[PDB]
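Engineer: when you get a sec, could you give me coordinates for this:
(chains A, B and C)
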Amino acid sequence: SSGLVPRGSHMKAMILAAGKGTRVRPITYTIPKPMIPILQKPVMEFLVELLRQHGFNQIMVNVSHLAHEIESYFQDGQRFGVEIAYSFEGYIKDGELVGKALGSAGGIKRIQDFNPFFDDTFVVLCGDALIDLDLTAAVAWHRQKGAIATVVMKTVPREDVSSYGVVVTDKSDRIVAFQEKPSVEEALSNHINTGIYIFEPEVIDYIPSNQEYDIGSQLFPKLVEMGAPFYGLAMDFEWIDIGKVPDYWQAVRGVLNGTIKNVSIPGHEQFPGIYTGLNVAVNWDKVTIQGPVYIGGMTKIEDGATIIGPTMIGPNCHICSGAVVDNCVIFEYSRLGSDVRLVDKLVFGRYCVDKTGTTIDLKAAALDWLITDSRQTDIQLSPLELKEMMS
Amino acid sequence: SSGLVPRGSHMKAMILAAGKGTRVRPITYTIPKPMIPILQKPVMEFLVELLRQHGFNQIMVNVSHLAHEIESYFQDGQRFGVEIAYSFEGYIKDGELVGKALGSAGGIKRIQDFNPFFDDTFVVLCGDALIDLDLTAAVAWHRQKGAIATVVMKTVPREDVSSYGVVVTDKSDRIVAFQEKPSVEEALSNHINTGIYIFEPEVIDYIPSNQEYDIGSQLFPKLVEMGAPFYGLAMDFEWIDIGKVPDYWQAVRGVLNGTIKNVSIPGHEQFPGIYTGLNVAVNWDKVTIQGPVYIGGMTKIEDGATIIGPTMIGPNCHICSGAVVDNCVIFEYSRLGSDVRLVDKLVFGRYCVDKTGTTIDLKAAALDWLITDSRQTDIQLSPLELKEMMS
Amino acid sequence: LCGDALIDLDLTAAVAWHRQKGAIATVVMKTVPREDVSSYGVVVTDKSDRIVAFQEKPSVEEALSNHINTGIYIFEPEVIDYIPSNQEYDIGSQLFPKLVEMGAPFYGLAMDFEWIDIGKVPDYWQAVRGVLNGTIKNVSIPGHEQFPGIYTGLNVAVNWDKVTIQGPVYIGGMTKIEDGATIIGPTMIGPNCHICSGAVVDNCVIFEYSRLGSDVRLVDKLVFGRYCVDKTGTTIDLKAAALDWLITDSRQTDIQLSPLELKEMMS
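Structural biologist: Residues are numbered from 1 along each chain as shown, chains lettered A, B, ... in the order given. Now the structure:
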């Protein structure tokens, strides 16, 4: 036979996918911050398919919170045309698996300290925000300047500078100062850290071993003081940062409207703007469905229902008669009983979140006579009828 | 816009993937009988990619045991170029999700009774055995005879007729009698039911509603008595039936040998017959690795180890010094301590199964000083040293 | 001041020192040897005693001075403005860099004082022994001193003739030390313990409700309920190791037998 190159493509990369996702709770209780499905494709799949588009087919992934959800879906990565390995950040005690995140920078140090893996310029990018940057251009941009670290920057409005870490660059495009969540007047620029860095293997020396260590709050201050070739790139690119739960509610609708352009819509278009799954049990005559609406497969929409888009209704749902769905996001296995009117809501299993962040526990409020898991054979009846059953 | 055909391809199919998998325990405790990875690709992916090869892109899947493992990996099926919907077989009580399988035939009845979905010839096939049949040929075979149901048959040795249901056909290739697990002398033929049926929508009438109902023990006896066009096809095709746990141990090795031909091997070939994952921490000089061997990524093989193929070592493993792996299958996150010799064994998390079916609970035997989960930071020491720590 | 390290600094002195200096923030610093700069954050001050540079856990070559942040700060209510609301924010890694860059009256003081930083479990094992020895001076030892260096709790069932106790040792109340035991100080044995006959405790820290069976020799160990930690950080899970025939909770009425007797009961 032959012992060929292990070089493969030699363009390596790493997605950061170990975060708890506390800002997206209650969704991050059972699904990590990646793997959160935009309609059906997970957020991380967009990033992997983007790194493949740009030759970054040797992918490292660090995981901690809900690791099994990430490693089960991607695995080694044959089906995505890439190679994926996993660095688990934690340790076991009493048979149970405890998550112990090492930080954005510390997780990279564990990988190199385990075995020297990053040997040429590598892209690192948070796996909780889908992007469409032209990588083979930004990576080629810090090559002529010889940067040891490069932050790609998006321009946010003058008011939203208090949500991200601010990046200040001079006329050499060299980073000189940082600003974590400063006010509108306090901020010095309107260029934000998008969590999309391009590092040269040598930067991993400045990160200490056996320590939790963050990129923007520890490593990047470390790099500004020592005067390293720390540079910043910008310009327009699609950036969907799911910060809190309402931001995910906005993103799904945006794909249904078309204000998010590059994202595909599943199913086939049964009617203009109305995408159905497979075997949708619906009687189109006796229902009022107003696009754009996606209805997952094996979903039953009883006669006399009202669904007004942009609305996603996950697979295996049941929309009872006389229900009104107005501009909502419904996840899989949901049962909307008769005489319910959901407007600007996101239903996730047993949780009901509105557009402001308020989270309702449908089970702990006996409201599952109104919104329950569709898999119950007990047709759950209302306190009105609980009265008339005995009283 | 336009209201085009929902016909898409109109060749529909269904994988049966609701079984508990009791014959594959302890593997089926956390992974269903599908989704069981042959190296890295799951068994069900082979079937889906085969139905796509033959135009069956509208796929229905019934699930019950460990449903979330199936529906998380495939979802609607965009990435596999098909459409997939799920029929859940169970019902909830006390907030917990209970699996209530409806049978091989009963699960089909639930789908049609929910909403009429099967409208033209449909292929049904158990999702616990990878196959490579030329579908567009077998489906075209019962078309000229007008069969309402057709069983595809594999020829097993004269001795193994006691493991499957036997199919007896006359000279019209018409099925006349069945035989569930008969002895070598008792069996009338050596043609077995492979769980690969091709049915015409009309057969679903003979299945009763709101009833658990099996295909081979109830529906097929029903079809022989009433004298329906019940026919049988045969001829050579690759059929890997994972019956019990040792059969899965044999299959992984067979792919490593080459006695299973059509299955690919992950990683790239670092050395002839030695496939490594991504970032394998190994010192090839001071180890004795004998192909064929697959080593998942982020696996550490300490100096002085011995791995003799055909052996799979899952990702994120740790082979301590002085360990000897001889013809074994190792799953992800396993730690083989020093002075361990595994020969003809399958290690699955905390379980150690040999080639005969014996299952050892490594945790409940204090043997995790020898084989433990690789994620423990406590280097677990032996009863010899537990003595010398106090005594 | 961080509540994970006992101190004896005279506050009315350091607080009065930056009061006369007009500091908006003041770090109290201990002077460690030239080698220990890699364990704690180093503080660099000018001649005004103003902090000018920081160094988080640097080696001897990186470190410029030998003054470390001991986690004993004295703040003016104006420094709380520099901390953002509804945000996680650290003092030494974020607020103090914030103070050096913005050029605030940020000062650093250095005073001699006992500083016991309980970092990891071995540091607590070392600290308890140090209090028993006297290398930690300001801390008293409880109970009353029965013999020089031998402090007993209340109603300690021990027969002093038939035991080998070498001070300094503290024995919590309601602890029974059977005849023929060996306790070698500095050793703490918490209340309600049971030292079976023929046991040997050598320079260990024992917590409450502990039963040290016969034929045990603990040297440089810390026993806390069901965990056995040595002076290096190694932790043994006594429950998951069937070792409760040797070290168990003293409240067990079932006298736990050894693999020797478990054999000879059946086999």
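Engineer: OK, contacts around the closest residue to chain B within the stretch 201-350 of chain A?
Structural biologist: Residue of the stretch 201-350 of chain A nearest chain B, by C-beta to the nearest C-beta: residue A:297 (3.0 Å). For the C-beta atoms, the positions are set from N, CA and C on the backbone; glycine is no exception. By C-beta atoms under 8 Å, 6 or more residues apart in numbering or on different chains, the contact set of residue A:297 is A:267, A:276-280, A:315-316, B:76, B:83-86.
Engineer: specify the local secondary structure of it.
Structural biologist: Taking DSSP: H, G, I helix; E, B strand; the rest coil as the rule, one finds residue A:297 in the coil state.
Engineer: would you quantify the distance from it to residue A:227?
Structural biologist: From residue A:297 across to residue A:227, the span is 58 Å (C-beta to C-beta, to the nearest Å).
Engineer: got the residue ranges for the strands in the stretch 101-250 of chain A?
Structural biologist: Here the stretch 101-250 of chain A has its strands, by DSSP state E, counting those that start in this stretch, at A:122-126, A:129-131, A:149-155, A:165-169, A:175-180, A:191-199, A:230-233, A:239-241.
Engineer: which residues sit against the fourth one?
Structural biologist: If I follow you right, that is strand A:165-169. By C-beta under 8 Å, 6+ apart, strand A:165-169 touches A:151, A:153, A:175-182, A:187-193, A:216-217, A:231-232.
Engineer: ok, 7 Å please
Structural biologist: Here strand A:165-169 makes contact (C-beta atoms under 7 Å, 6 or more residues apart in numbering or on different chains) with A:151, A:153, A:175-180, A:182, A:187-189, A:191-193, A:216, A:232.
Engineer: of those residues, which are in range of chain B?
Structural biologist: Filtering the contacts of strand A:165-169 for neighbours of chain B using C-beta under 7 Å from any C-beta of the partner chain leaves an empty set.
Engineer: work out for me the element residue A:378 sits within.
Structural biologist: For residue A:378, there is no helix or strand it lies in under DSSP states H and E.
Engineer: let me see the backbone angles for it.
Structural biologist: phi -70, psi 110 (degrees, to the nearest 10).
Engineer: cool, residue A:72 as well?
Structural biologist: Here is the backbone geometry of residue A:72 (degrees, to the nearest 10): phi -70, psi -30.
Engineer: can you report how many residues neighbour it?
Structural biologist: When neighbours are counted by other C-beta atoms under 10 Å in any protein chain shown, residue A:72 registers 17.
Engineer: same question, residue A:188
Structural biologist: Residue neighbour count, defined by other C-beta under 10 Å, stands at 14 for residue A:188.
Engineer: just residue A:326 next, same as before
Structural biologist: Using other C-beta under 10 Å, residue A:326 is surrounded by 15 other residues.
Engineer: touching, it and residue A:336? I think so.
Structural biologist: No: using C-beta atoms under 7 Å, residue A:326 and residue A:336 do not qualify as a contacting pair, with a distance of 11.8 Å.
Engineer: give me the common contacts of these two.
Structural biologist: Taking C-beta under 7 Å, 6+ apart as the criterion, residue A:326 and residue A:336 both touch residue A:342.
Engineer: now residue A:320: closest residue in space that isn't a chain neighbour?
Structural biologist: Excluding its sequence neighbours, the residue lying closest to residue A:320 (C-beta to C-beta, 6 or more residues apart in numbering or on different chains) is residue A:338, at 4.5 Å.
Engineer: for the one you found, give me its contacts.
Structural biologist: Contacts for residue A:338 (C-beta under 7 Å, 6+ apart) come out as A:320, A:321, A:322, A:323.
Engineer: chain C versus that one, what's the distance?
Structural biologist: Computed with C-beta to the nearest C-beta, to the nearest Å, the distance linking residue A:338 and chain C is 41 Å.
Engineer: just say helix, strand or coil for that residue.
Structural biologist: Under three-state DSSP, residue A:338 falls in the coil class.
Engineer: of the contacts of strand A:165-169, buried ones?
Structural biologist: Listed as buried from the contacts of strand A:165-169 are A:151, A:153, A:175, A:178-180, A:182, A:187, A:191-193, A:216, A:232; burial here means 16 or more other C-beta atoms under 10 Å in any protein chain shown.
Engineer: please enumerate the helices of chain A.
Structural biologist: For chain A, the helices defined by DSSP state H cover A:43-53, A:67-74, A:106-114, A:135-138, A:141-145, A:220-225, A:245-257, A:383-389.
Engineer: the third one near chain B anywhere?
Structural biologist: Yes: counting by C-beta under 7 Å from any C-beta, chain B is contacted by helix A:106-114 at residue A:114.
Engineer: any idea of the angle that helix forms with strand A:122-126?
Structural biologist: Here the directions of helix A:106-114 and strand A:122-126 differ by 140 degrees (axes from the mean of the first three to the mean of the last three C-alpha atoms, to 10 degrees).
Engineer: does helix A:106-114 pack against any helices or strands, and if so which?
Structural biologist: strand A:83-88 (3 or more C-beta pairs under 7 Å, 6 or more residues apart in numbering or on different chains; DSSP states H and E).
Engineer: now the phi/psi pair for the most centrally placed residue in chain A, please.
Structural biologist: Against the mean C-alpha coordinate of chain A, by C-alpha atoms, centre = their mean, the closest residue is residue A:128 at 3.5 Å. Main-chain torsions, residue A:128, degrees, to the nearest 10: phi -120, psi 30.
Engineer: great, nothing more from me.
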